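First the structure, in the form of structure tokens, and then the observations on it.
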Amino acid sequence: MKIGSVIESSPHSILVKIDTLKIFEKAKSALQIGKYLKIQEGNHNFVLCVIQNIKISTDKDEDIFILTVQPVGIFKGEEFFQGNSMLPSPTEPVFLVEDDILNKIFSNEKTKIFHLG
Amino acid sequence: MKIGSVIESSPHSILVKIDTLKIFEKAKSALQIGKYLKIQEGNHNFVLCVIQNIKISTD
Amino acid sequence: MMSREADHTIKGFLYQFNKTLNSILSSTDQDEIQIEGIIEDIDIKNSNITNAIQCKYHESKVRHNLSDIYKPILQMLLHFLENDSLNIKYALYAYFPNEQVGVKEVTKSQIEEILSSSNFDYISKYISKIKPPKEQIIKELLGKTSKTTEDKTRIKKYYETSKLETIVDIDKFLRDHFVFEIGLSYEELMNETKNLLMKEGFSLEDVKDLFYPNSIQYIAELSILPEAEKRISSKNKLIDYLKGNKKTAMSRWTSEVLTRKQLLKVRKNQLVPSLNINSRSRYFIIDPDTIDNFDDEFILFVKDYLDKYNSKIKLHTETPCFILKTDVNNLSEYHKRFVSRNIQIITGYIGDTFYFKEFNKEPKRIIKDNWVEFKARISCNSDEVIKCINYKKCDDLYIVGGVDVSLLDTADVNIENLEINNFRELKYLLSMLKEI
Amino acid sequence: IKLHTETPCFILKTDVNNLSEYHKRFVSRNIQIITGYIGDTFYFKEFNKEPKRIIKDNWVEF
């Protein structure tokens, strides 16, 4: 679940760092380009992001595991609102994404649905 | 210093440093791209500026 | 079998609400109302009393069926038996789709034929007290804890046959201490109440959730003040605007279940904006014995508060503080119950001596680890701890139960009165519990 | 702070109340000590924890 913390935040990109080798190897499949992470913001809000870049480094004795993500919206309460104007503060955990949030994203109405995949 | 201080002024851009995490979190809604800011210029005058970039990191 | 006193209190509360809403509707200029005034308590020092009235009505009927207003009138007469000093202005309110609106023909005979009631419940409850029996056998039967069918039949026959008088001045009660007006049903008048309230700017749902309950409670609280001369009101439109400001000022203390589920709710969505900031100082003023099972659940509540609002090492830079209302002792047992659960707190007390410097210290933290010296401050309601609180003011102050907020400076402090019954309610109001 | 790394331990032939009085008196003089007693009950894990150090601020927990 918990994945890492944010290092650098900008309206264009957000940089997150992986805690340890163990955590990254446990959830390496979930950390690929195009998949989804959520970054907390405050105590109840979340900022969903999509991974753009991965860059893992062990030059000499320096373990670096940096992801570059891009916000796509904010999860206030139990509802989803699009936008990229929240900018989560540094040292803020990254929590992966559960199935409930993703299902709530693609909800819409109950009559105009169209299952495509 | 309600929000921050000026660290660099140039004819095209002015760089502003935020004081603390508490101030940024309190006024995070107002500090978005396109919003407006006041920079004191002397003792009576003010300079109205528009926010164009935000960069929040760890030193 | 629930006690009938609770049902009577519920009926009195319903009357208080409907009469308050009537006063609000009629609040145009110089009303000077005295809503309610009896809570079935001991002291009645200042009267400020309307009555303990009830509003009951069946589904639908042209006339008042039979034995309908017998319960309220019997209770009113029994209460009048111990009523004196200033006049108490009794009334009875009801709804009927097709009836005479106003005072009904109520002079003498109605009560004489109501007093001729022959119900076992009525006799056991109020008729016996109002009209004492003239037989020692009936007196003994009434006082028995258990009554049989034969005893009840003998009782009923005796009351129906024997003519029993009473010492209460009935005609005095009818001339002044009663009135019966057929009113309108305020369940269907909610829409009209909202429409009348929808005359200022306001909003659509703001009147429903924020303004109407606040007006109802503020008007209902006009008579609960100890001063009896505080009901002076004139130019009700001006006081309506003043209450308009007051509703935005307080924005809490809702009585009924309006828009609100479980036991308490709807105040949750108003606390969320403040409960979403990391670097905020939150002080809690809890009153134990107001919360059920406080001893066995305070520690778990503290743990669940700190694992949500004091988890981050760099963003959560403010230490919570829980000022309970107990003695200087009883803090050692809480400290022991926290140590056994691996939670670091500071009390500021070494035995019975308080230390100013030990309560105002900022916890030293190490960011490479996840270490903070202490995660909360828990002390009693003494004067020195209140002085410490005033020295280092908070951003939000939550009052749980009834605690004297005096001696606390409120320069830039948001007071948030939270009435609750258990810790599930408090968890749900602080957004650490999605459901009840 | 950087050289002296171990903490002394003074054990007295007294009662808990005198220990609390001595704790009061030490706290009055700004000396950080740990007794292992919360009221009357002793605690194993409190007594035998190593003090934390912040060499930059010249701080030792007790």
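Remarks
- Residue satisfying condition, being surrounded by fewer than 18 Cβ atoms within 10 Å (Cβ to Cβ), farther than 29 Å from B:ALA27 by Cα, in contact with a strand residue (DSSP E or B) (Cβ under 8 Å, 6 or more places away or on another chain) and away from chain C (no Cβ under 13 Å), within set A:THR20, A:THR58: A:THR58
- Restricting attention to region C:212-234, the residues that are assigned to a loop (DSSP other than H, G, I, E, B) and farther than 18 Å from C:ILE39 by Cβ add up to 4.
- Of all residues in region C:71-113, those that are closer than 28 Å to C:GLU59 by Cβ and assigned to a loop (DSSP other than H, G, I, E, B) total 12.
- Filter result (in contact with a helix residue (DSSP H, G or I) (Cβ under 9 Å, 6 or more places away or on another chain) and in a loop (DSSP other than H, G, I, E, B)) within region C:420-436: C:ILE420, C:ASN422, C:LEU430, C:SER431, C:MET432, C:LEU433, C:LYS434, C:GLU435, C:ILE436
- Of C:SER124, C:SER116, all but one fail to be surrounded by fewer than 18 Cβ atoms within 10 Å (Cβ to Cβ) and either over 36 Å from the mean Cα position of the chain (by Cα) or aromatic (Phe, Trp, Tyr) (or both); the exception is C:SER116.
- Taking region D:39-48 as the range and being surrounded by 13 or more Cβ atoms within 10 Å (Cβ to Cβ), under 24 Å from C:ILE366 (Cβ atoms) and more than 10 Å from the chain's Cα centre (by Cα) as the test, only D:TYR43 passes.
- Pairs where the first residue, in region A:92-117, is at negative phi and the second is basic (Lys, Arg) and outside any loop (DSSP other than H, G, I, E, B), C-beta under 8 Å, 6+ apart: A:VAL94/A:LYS38; A:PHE95/A:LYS38; A:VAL97/A:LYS38; A:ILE101/A:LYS38
- Hits in region C:288-327 - residues which are within 16 Å of C:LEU429 (Cβ to Cβ) and either among the acidic types (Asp, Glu) or in a loop (DSSP other than H, G, I, E, B) (or both): C:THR290, C:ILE291, C:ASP292, C:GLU297, C:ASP304, C:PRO320
- Annotation: C:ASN65 fulfils all but one of (1) in contact with a helix residue (DSSP H, G or I) (Cβ under 9 Å, 6 or more places away or on another chain); (2) surrounded by fewer than 18 Cβ atoms within 10 Å (Cβ to Cβ); the unmet one is (1).
- Selection of region B:15-59 for residues being in contact with a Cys (Cβ under 7 Å, 6 or more places away or on another chain) and farther than 24 Å from A:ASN84 by Cβ yields only B:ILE39.
- Residues of region C:165-191 that are out of contact with any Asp or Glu (no Cβ under 9 Å at 6 or more places or on another chain), part of a helix (DSSP H, G or I) and touching a residue at least 24 places away in the same chain (Cβ under 8 Å): C:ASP171, C:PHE173, C:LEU174.
- Some residue of region A:91-109 being farther than 30 Å from B:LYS26 by Cβ, aromatic (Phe, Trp, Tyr) and not in a strand (DSSP E or B): yes
- Inspection of region C:210-223 identifies no residue that is β-branched (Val, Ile, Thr) and within 14 Å of another protein chain (Cβ to nearest Cβ).
- Sole exception among (1) of a type in the set (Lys, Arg); (2) farther than 21 Å from C:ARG175 by Cβ; (3) in contact with a strand residue (DSSP E or B) (Cβ under 8 Å, 6 or more places away or on another chain) for C:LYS129, by number: (3)
- When residues in region C:68-82 are screened for being of a type in the set (S, T, N, Q) and surrounded by 20 or more Cβ atoms within 10 Å (Cβ to Cβ), 0 of them pass.
- All positions within region C:373-405 that are in contact (Cβ under 8 Å) with a residue 40 or more places away in the chain, surrounded by fewer than 19 Cβ atoms within 10 Å (Cβ to Cβ) and within 14 Å of another protein chain (Cβ to nearest Cβ): C:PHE374, C:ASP395, C:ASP396
- Residue selection: C:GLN100 satisfies the criterion of being loosely packed, with under 11 Cβ neighbours inside 10 Å and over 26 Å from the mean Cα position of the chain (by Cα).
- Here C:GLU333 fulfils each of the conditions (1) surrounded by fewer than 20 Cβ atoms within 10 Å (Cβ to Cβ); (2) away from chain D (no Cβ under 14 Å); (3) part of a helix (DSSP H, G or I); (4) touching a helix residue (DSSP H, G or I) at 6+ places or on another chain (Cβ under 9 Å) apart from (2).
- Those residues of region D:21-58 which are in contact (Cβ under 8 Å) with a residue 12 or more places away in the chain and within 18 Å of C:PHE359 (Cα to Cα), in sequence order: D:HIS23, D:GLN32, D:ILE33, D:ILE34
- Residue check, C:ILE299 away from chain A (no Cβ under 14 Å) and either touching a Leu at 6+ places or on another chain (Cβ under 7 Å) or under 18 Å from C:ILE345 (Cβ atoms) (or both): yes
- Of all residues in region C:336-364, those satisfying the criterion of being more than 9 Å from chain D (Cβ to nearest Cβ) and of a type in the set (D, E, K, R) are C:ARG337, C:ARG341, C:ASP352, C:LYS361, C:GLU362.
- Residue within region D:48-62 that is more than 22 Å from C:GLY348 (Cα to Cα), in contact with a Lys or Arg (Cβ under 7 Å, 6 or more places away or on another chain) and in a loop (DSSP other than H, G, I, E, B) present: yes
- Restricting region A:82-100 to residues that are within 14 Å of another protein chain (Cβ to nearest Cβ) and of a type in the set (A, V, I, L, M, F, W, C) leaves a set whose member that is surrounded by the fewest Cβ atoms within 10 Å (Cβ to Cβ) is A:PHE95.
- Restricting region B:41-55 to residues that are more than 7 Å from chain A (Cβ to nearest Cβ) and surrounded by 12 or more Cβ atoms within 10 Å (Cβ to Cβ) leaves a set whose member that is nearest to C:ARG280 (Cα to Cα) is B:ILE51.
Rule-based calculations on the coordinates, nothing more; no lab input. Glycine gets a Cβ as well: all are built from the backbone with ideal geometry, and neighbour counts include every protein chain shown.
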